[PDB]
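Q:
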Amino acid sequence: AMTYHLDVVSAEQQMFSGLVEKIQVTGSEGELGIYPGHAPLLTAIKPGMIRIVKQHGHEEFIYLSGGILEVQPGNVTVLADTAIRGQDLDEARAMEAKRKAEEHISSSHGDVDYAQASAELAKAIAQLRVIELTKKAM
Numbered sequence: 002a003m004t005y006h007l008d009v010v011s012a013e014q015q016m017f018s019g020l021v022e023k024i025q026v027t028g029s030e031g032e033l034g035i036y037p038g039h040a041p042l043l044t045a046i047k048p049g050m051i052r053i054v055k056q057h058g059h060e061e062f063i064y065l066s067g068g069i070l071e072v073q074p075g076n077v078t079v080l081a082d083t084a085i086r087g088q089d090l091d092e093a094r095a096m097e098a099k100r101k102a103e104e105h106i107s108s109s110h111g112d113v114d115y116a117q118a119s120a121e122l123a124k125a126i127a128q129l130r131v132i133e134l135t136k137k138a139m
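Numbered according to the UniProt record's numbering, the sequence shown spans residues 2 to 139.
(1) Taking the DSSP output, what are the residues bridged to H6?
(2) At the level of alpha carbons, what is the spacing between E61 and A138?
(3) Would you mind giving the Cβ-Cβ distance between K23 and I35, rounded to the nearest angstrom? I have them listed as a contact below 8 Å.
(4) Nearest by alpha-carbon distance to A12: which of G68, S119, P74 is it?
(5) Taking 8 Å as the limit between beta carbons, can you name the residues of its chain near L43, skipping five residues before and five after?
(6) Check whether the Cβ atoms of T135 and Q56 lie closer than 8 Å to each other.
(7) State the DSSP-derived secondary structure class of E61, mapped to helix, strand or coil.
(8) Which class does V26 belong to by DSSP, given the choice of helix, strand or coil?
(9) Flag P74 as yes if its beta-carbon sits less than 8 Å from any beta-carbon of chain D, otherwise no.
(10) Per DSSP, what kind of secondary structure is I51 in: helix, strand or coil?
(11) Determine the DSSP secondary structure at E71, reduced to helix, strand or coil.
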């Protein structure tokens with residue numbers, strides 16, 4: 002056996018729900034997706050991008066930031082707040098975000114001022130990597 006049913010969503014959302022050989026999580030801390038036998042866990046999935054391979058499908062990559070998870074015997078499922086997928090309508094208009102976020106990482110206003118913004122920067126460009134590889138899709 003090498004497939005299971007997964008269901009990732011973020012409040013009224015339908016990113017991936019159906020058969021699934023394995024997904025993929027890429028965040029600062031964590032580098033595994035999901036498979037038929039990932040033990041009964043239920044913590045967070047960390048931010049970053051995500052890749053997957055449907056049992057009868059080819060492969061797709063979504064993208065999240067913060068959320069919890071819950072796997073069951075035969076199908077996993079998790080919930081999150083922001084869930085964007087390689088696309089988000091606009092594409093090159095998001096590249097200017099990493100530039101407007103610098104003015105914040107360059108301004109000092111405390112020990113955790115822009116320092117805490119560094120986590121919202123490296124996690125925002127996570128959706129730019131999966132969306133940049135969608136140029137060869139069409």
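All C-beta atoms in this analysis are idealised placements derived from N, C-alpha and C, irrespective of residue type, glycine included.
A: Well, looking at it:
(1) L20, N76
(2) 11 Å
(3) 6 Å
(4) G68
(5) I69, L70, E71, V72
(6) no
(7) strand
(8) strand
(9) Here chain D cannot be found, since the structure has a single protein chain.
(10) strand
(11) strand
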